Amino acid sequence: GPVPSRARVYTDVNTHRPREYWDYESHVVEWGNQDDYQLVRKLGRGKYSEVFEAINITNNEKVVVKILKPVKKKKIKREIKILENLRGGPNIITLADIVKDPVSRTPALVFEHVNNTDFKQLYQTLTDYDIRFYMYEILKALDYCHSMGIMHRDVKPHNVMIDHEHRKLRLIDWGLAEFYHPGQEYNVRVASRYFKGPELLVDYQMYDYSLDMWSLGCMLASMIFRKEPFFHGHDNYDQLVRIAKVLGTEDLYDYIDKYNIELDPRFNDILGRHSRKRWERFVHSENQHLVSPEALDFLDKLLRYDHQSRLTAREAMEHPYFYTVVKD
């Protein structure tokens, strides 16, 4: 059937790690004291959790409480194990506690609070300098988790929490994250539509860390071009069409041919024939101050159909685009 694929970096990180590192099913949760925390206000709801601002009454620190509710139960232990594995890594949200909520009777994850600037407001506002700075900060998080054998699989603006005042950034919501095992087939139903990689959209299951690099590319494109989202599909099929209208259909066919992937025949009537566009197409008087040759070359190396051809997180940090950024 399909041609197999392996990550070109950190391929065997988990194979050379003890069972207990990646065997999240066997992880035993360590419970804290739910009475330490007092819920203050509801911040949001997702498909698998309700999120509250709270106070840790033992130290008076503001905190965030994520009360879980998933239908697949092993997912709870997956997120917990991932968070524990990545704790203290650069720009990774810190899991501060795990408590049993008395009302839901489910695990509640307690994180450090981030005084956040809304991305709707914060994008279309960032300077060229600030875009490069924050991209480098996100890359620190991704190289860290990739190096630890973990793919995020839901990189998007909402999951990048920015305290713009202290110029602080954290990658959050590791509930879709998975351990990368070479040759493993994964669920293509991950990530949010506008940020789904071509691999997901063509049903290619043997994907890897490089999925997050496509998502990051979608974020970068939306920032430098001031078009939110950059690839604006009406559904998952139209999502691939929107991509092909930019990257072209010939490189798409080359990609699926390389892996002996067959497109859903549904595309016969909607995909059409599209040339690759030059990135200057998307530059105009209102975004030109955010665009540079370095920015375009960097973006070009992220937004590639072939997941194997994308810059890795580590390579991306090497890019000329980041030369202007002061290295702490």
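Residue indices: 1-based, along the sequence shown.
Stretches 8-16 and 306-314 differ in mean C-alpha B factor, with the higher average recorded for 8-16. Comparing 48-56 with 65-73, the stretch with the higher mean C-alpha B-factor in the PDB entry is 65-73. In this structure the maximum Cα B-factor among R167, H146, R132, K140 is found at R167. Annotation for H289, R273, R278, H27: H27 ranks highest, by Cα B-factor.
Ranked by Cα temperature factor within the chain, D264 sits in the middle third according to the deposited record.
When the modelled residues of the chain are ordered by their C-alpha B factor, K42 lands in the highest third.
The PDB entry assigns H113 a C-alpha temperature factor belonging to the highest third of its chain's modelled residues. Ranked by Cα temperature factor within the chain, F298 sits in the lowest third according to the deposited record. Ranked by C-alpha B-factor against the other modelled residues of its chain, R105 falls in the highest third.
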